[PDB]
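Inside the fold
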Amino acid sequence: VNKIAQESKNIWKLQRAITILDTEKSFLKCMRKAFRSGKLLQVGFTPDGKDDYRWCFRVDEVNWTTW
Amino acid sequence: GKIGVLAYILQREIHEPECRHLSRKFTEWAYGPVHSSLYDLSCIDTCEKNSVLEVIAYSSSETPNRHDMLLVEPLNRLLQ
Amino acid sequence: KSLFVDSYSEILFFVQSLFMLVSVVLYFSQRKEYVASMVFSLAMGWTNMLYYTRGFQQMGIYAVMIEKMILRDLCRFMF
Amino acid sequence: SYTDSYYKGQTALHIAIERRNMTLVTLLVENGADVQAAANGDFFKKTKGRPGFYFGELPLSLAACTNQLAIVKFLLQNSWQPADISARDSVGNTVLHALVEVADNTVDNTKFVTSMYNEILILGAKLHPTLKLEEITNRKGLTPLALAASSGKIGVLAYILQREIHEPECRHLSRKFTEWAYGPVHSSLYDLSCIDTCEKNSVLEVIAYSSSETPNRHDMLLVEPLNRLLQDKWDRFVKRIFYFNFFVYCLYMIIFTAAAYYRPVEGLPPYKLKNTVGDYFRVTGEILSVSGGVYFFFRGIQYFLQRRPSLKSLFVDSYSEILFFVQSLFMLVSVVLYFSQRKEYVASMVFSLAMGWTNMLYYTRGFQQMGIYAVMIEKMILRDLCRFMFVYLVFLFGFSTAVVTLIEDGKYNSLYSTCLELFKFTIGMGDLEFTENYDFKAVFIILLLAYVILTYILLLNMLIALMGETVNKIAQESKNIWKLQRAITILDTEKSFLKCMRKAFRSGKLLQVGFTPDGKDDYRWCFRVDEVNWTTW
Amino acid sequence: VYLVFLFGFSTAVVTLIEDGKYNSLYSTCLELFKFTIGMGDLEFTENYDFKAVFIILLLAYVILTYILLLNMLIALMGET
Ligand SMILES: C=C(C)[C@]12C[C@@H](C)[C@@]34O[C@](Cc5ccccc5)(O[C@@H]1[C@@H]3C=C(COC(=O)Cc1ccc(O)c(OC)c1)C[C@]1(O)C(=O)C(C)=C[C@@H]41)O2
Ligand SMILES: CCCCCCCCCCCCC(=O)O[C@@H](COC(=O)CCC)COP(=O)(O)O[C@H]1[C@H](O)[C@@H](O)[C@@H](O)[C@@H](O)[C@@H]1O
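Calculation rules
- Residues numbered from 1 in each chain as written, not as in the entry; some residues may be left out.
- Chains lettered and ligands numbered in written order.
- Part of a larger assembly, values for the part shown.
- Heavy atoms only, no water.
- Helix = DSSP H or I, 4+ residues; strand = E, 2+ residues; numbered from the N terminus.
- Areas by Shrake-Rupley, 256 points an atom, 1.4 Å probe, with all protein chains shown as cover.
- Expected span 1.5 Å × (residues − 1).
- Buried < 20%, exposed > 50% of the residue type's maximum accessible area, 1.4 Å probe, protein only.
- Contact = heavy atoms within 4.5 Å.
- Salt bridge = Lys/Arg side-chain N within 4 Å of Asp/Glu carboxyl O.
- UniProt positions renumbered as here; feature names shortened; annotations may be inferred.
- Near = heavy atom within 4 Å.
- Polar contact = N/O pair within 3.5 Å; in protein donor to acceptor, adjacent residues only side chain to side chain.
- Nonpolar A, V, L, I, M, F, W, Y, C, P; charged D, E, K, R; others polar.
- Pairing = 2+ DSSP bridges.
- Axes fitted to C-alpha atoms, helices over the stretch in contact; angles between N-to-C directions.

- Per the deposited record, determination of this structure is attributed to cryo-EM, with the resolution reported as 3.72 Å.

**Observations regarding the overall build of chain E**
- A count of helices and strands for chain E gives three helices and zero strands.
- When the elements of chain E are put in sequence order from the N terminus, they spell out α-α-α.
- By principal-axis analysis of the C-alpha atoms, chain E measures approximately 45 × 20 × 20 Å.
- Approximately 3600 Å² of chain E is accessible, and the part contributed by carbon and sulfur atoms is 63%.

**Focus: helix 13 (residues 319-339) of chain D**
Residues and elements named next belong to chain D.
- Across its 21 residues, helix 13 extends 31 Å between first and last C-alpha, which sits within 8% of the 30 Å expected from 1.5 Å per residue.
- Within the sequence span of helix 13, burial applies to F324, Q327, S328, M331, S334, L337 and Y338.
- As for helix 13, its buried residues are in contact with helix 10 (224-261), helix 11 (277-307) and helix 14 (345-359).
- Looking at the residues trailing helix 13, positive phi occurs at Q341, about 60°.

**Digging into the environment of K441 of chain D**
All names here are of chain D.
- Looking at the secondary structure, you find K441 in helix 17 (residues 441-473).
- The exposure class assigned to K441 is exposed, which follows from its relative accessible area of 61%.
- As for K441 and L406, which are separated by 35 residues in sequence, their C-alpha atoms are 9.8 Å apart.

**Some remarks on the pattern of salt bridges**
- Evaluated as defined, the whole model comprises 35 salt bridges over all chains.
- Among the salt bridges present, the one from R282 of chain D reaches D279 of chain D, with a minimum N-O distance of 2.7 Å. Remark: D279 of chain D and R282 of chain D occur in helix 11; sequence separation between them is three residues, near one turn of the helix.
- Look at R282 of chain D and you get buried, because its relative accessible area is 11%.
- When its relative accessible area of 19% is taken as the criterion, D279 of chain D is described as buried.
- In the salt-bridge network here, residues are joined through shared partners; they are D52 and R54 of chain A together with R24 and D40 of chain B.

**Quick look at the UniProt feature "intramembrane region" in chain D**
- Look at the UniProt record and you will see "intramembrane region" annotated at residues 412-434 of chain D.
- The span residues 412-434 of chain D is 52% helix and 0% strand, and its two end C-alpha atoms sit 9 Å from each other.

**So, the site of ligand 2**
All names here are of chain D.
- Every residue lining ligand 2 is accounted for by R217, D317, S318, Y319, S320, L323, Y362, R365, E378, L382 and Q485.
- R217 places a side-chain nitrogen or oxygen 3.2 Å from an oxygen atom of ligand 2.
- Within the side chain of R365, one N or O atom sits 3.2 Å away from an oxygen atom of ligand 2.
- Coverage of ligand 2 by the protein chains reaches 81% of its 860 Å² of free accessible surface.
- It is helix 13 that provides the largest number of residues to the shell around ligand 2, a total of three residues.
- Within the shell around ligand 2, the residues separate by chemical class into four nonpolar, three polar and four charged.

**Brief notes about the sheet that holds strand 3 (residues 527-532) of chain D**
Residue and element names in this part refer to chain D.
- Taking strand neighbours across the sheet as the criterion, the three strands line up as 1-2-3 in an open arrangement whose pairing is antiparallel. Taken across any chain shown, the strands that pair with only one partner, and hence form the sheet edges, are strand 1 (176-181) and strand 3. Within this sheet the neighbouring strands show an average axis-to-axis angle of 30°, counted without direction.
- Where strand 2 (residues 185-190) meets strand 3, six bridges bridge the pair, whose relative direction is antiparallel.

**Some remarks on the sheet that holds strand 2 (residues 34-39) of chain B**
- Taking strand neighbours across the sheet as the criterion, the three strands line up as 1(A)-2(B)-1(B) in an open arrangement whose pairing is antiparallel. Of all strands in the sheet, those with a lone pairing partner are strand 1 (57-62) of chain A together with strand 1 (25-30) of chain B, marking the two edges. For this sheet the average axis-to-axis angle between neighbouring strands, irrespective of direction, equals 30°.
- Strand direction decides the pairing type here: strand 1 of chain A and strand 2 of chain B, joined by six bridges, are antiparallel. In the strand pairing of strand 2 of chain B, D60 of chain A is matched with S36 of chain B.

**Regarding the UniProt feature "transmembrane region" in chain D**
- Taking the UniProt record as the reference, the feature "transmembrane region" is found at residues 241-261, 280-305, 319-339, 344-364, 380-407 and 443-471 of chain D.
- Helix and strand shares over residues 380-407 of chain D are 96% and 0% respectively, and the end C-alpha atoms of the span are 37 Å apart.

Structure representation (structure tokens):
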């Protein structure tokens, strides 16, 4: 037990992810709301003039340096 | 299980003309110390066959870093 | 080998289901051994409740450590 | 400025300050920009469920929170429109309240927030010597010190409580003062205004009665002036009273124990009092026991009313009060059953009696080693025993159901007896051949051996290993929690005090500086601490 | 700590027992002590009413002392 603490935390997260994937794959109701994060425009400037919507996921972060 | 390469890719951000589109991490706004980044998530959440989550989660148990790969910021937050 | 070293939980659930089905076959086979299978399934079923400890940060780690202990320390000690 | 509710009040000056553009800030101020304009949109509030950045809503607080000292100095000391350093937002927060808010106890954050705090304090003194910024309270009534104490911003307290300013005409802002220094030894003086006692928000009260959600409520008492002050209060005033209370409780439990032990065995209470000495003492002890139960009952209600725990704080914390209250509840139920002519008053009474004796461990606080031992027992019960007991009960129940299913028309043949009989294995008393009323001996013995291996061999040794891991990690946490329990005991004692005693107020009305901004002298109730250092001769 | 627990539960149990073989602080104290050495009978008497109260008290005592306190002692000795 002294040697499998962190390994245990990673395993916990891992098989919880397994649970998530099985839930969304089975889903028993033809539900599309499982596809999250919203269709956002990242750059709007592809190599051509078109705009790219790429289903981004938002993460807000705070830093006290590199102002 | 090449965790380093994923660590590079999943948060790739390129600041120059004609190469921003290659970025998978984009900075939307940054007010003071706070700022909101956007992770691309193509082929992470879902795709035709090899979604990254499917590949990691259904690994063969011999992949070196299968416990570690889901610690990479976008994946852990997405799973939560 | 990947059939056994991982997916411990799926194997246990499958074995529970096997014991249930064998209990059924013996039940309609007019054999009183159906009890023997049935109780095993029942026992297995309650134990497999620990599968659902996962999704709890505190209990799931405990269950994971049970799995690791069974694979390494208990097996060596029992030998 | 913006008119939408999301960015309401944002103006150009906020942008120039926020972007760290000195030139535009200067130009906008020159053109009459309002340095008091309040950015009070949703984005500029705490607003946990949405993105935002709370900074006190004012330009000065913005420059302060952004580590722009030059802009702060300009905003206060520009020609066109100097800023009001005492200005307050919609919450009532000043700049200093904002600086407390933005703190997060990380190293660089603490460093710069502390530096900016010191700078703004100096500027406030020089611009307005009669103005005392720290005394200003927000709509929550909290001074920046009180806010820092409540919010767990340990770094800010670590600065403030031992703040010392080495320059002329700012000495009176210091809270730490060095009276004499002979060789390596010198005697410092800590102020402790509004730490020991004040109108409402004494720092010790704020920390001790915290809501359990403050991050560093355990760590904050380690800051030297508080720890020494509590130790002095203990030694001088509270140690004796606490020992006396413990003695009284021991007497109470002994009386209760004796009264219960000599209960009569006749049916149908209440019982006629016999005219003999033994029964007179018996009924006396009964009455005293009931009286004490009522006392604890009302203390529990008083606690609940005074703190008003919100139905999670009622259970996640303050276990001692709940346990004592539950004991008193059992006592009262015993009384009701007794006079209701129900023999079940015995059943309640023993429970109360049992809990009473275990609640004796509450008094292990005040003794260094024993209180720590009690805290570790509390943590063990809450974490490891709970997890283990859940899993063990799953195993026990599963195998009990399997075996009792296998058993047919035997003596046991029932869930209660089988559960008990399997449980006997855990205490080293399992028979392993307790019945033969079955078919399939092999199945039965396999089930028992599987249960024994899984529970007795694997699980118990696993529990021991996990407890061993746990104690390895909770040592310093135990130290902090014991010190906190001592602190709350001290505060309760001094607050109750039952005698209008003022001697609880320590440290002596000493003169710190004698030179206020005016010619008056300052007496500040300082607490003396002597320290020796063999460097910086 | 163990003696406080032992004494408290001994007092509770001997109060609960009435006109029994044990019915006395000494015998009940020894009888509860026997649990610590893995010899607790757990059904040593029926001279009471309210069987549920009796068994609940014994179970609480066992859990608090035998399961928790002894294993805690082992852990602390490990640290020491
Ligand atoms: C490892 C295999 C698949 C195993 C399957 C069955 C037969 C099992 O016996 C064992 C052999 C055994 C027998 C006796 C003592 C220890 C081990 O252990 C497990 C297996 C041993 C267990 C272990 O229970 C657990 O694993 C809890 C658990 C932990 C983690 C999980 O992810 C989980 O998913 C369900 C379950 C319980 C039994 O199924 C059970 O309750 C009965 C009656 C026998 C146990 O075979
Ligand atoms: C039938 C018989 C059953 C007896 C059941 C009970 C036996 C244990 C009795 C042991 C007595 C220990 C005690 O007297 O108190 C223990 C309570 O034990 C439990 O955990 C009960 C588990 C339910 C700690 O209580 P405390 O008031 O100190 O709570 C702390 C705060 O005060 C502190 O400021 C901190 O916020 C800290 O986070 C809090 O913990």
